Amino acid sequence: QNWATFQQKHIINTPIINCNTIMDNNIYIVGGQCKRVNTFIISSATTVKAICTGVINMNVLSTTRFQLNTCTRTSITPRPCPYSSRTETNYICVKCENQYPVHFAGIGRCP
């Protein structure tokens, strides 16, 4: 929804493949239940922010390729919920507002 929250939800400095431990956080409880999917971007925050340099309001596909780990919920259970992991290197689409990434829009292409 904003840069600060986007960072907390998506950006990590080092690779953490265990989706089960990293997804066990209050920030991932949408609508009472555990969030269905969340993609982590292994990168410094500065480079992710740079996707939006000079962009006031629009979805932008990065020109930088990132190492990613997407965590997908396999079932709805009491916390912590079980998650599967999918790692890949790809470009990402983020909503840029006032030169800041504020929402993760997709992998590989913008909607």
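Throughout, we count residues from 1 along the sequence that is shown.
Here 54-62 and 30-38 are compared by their mean Cα B-factor, and 30-38 comes out higher. When the mean C-alpha temperature factors of 19-27 and 89-97 are read from the deposited coordinates, 19-27 comes out higher.
In this structure the maximum Cα B-factor among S84, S75, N69, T47 is found at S75. The deposited CA B-factor of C110 belongs to the highest third of values across its chain.
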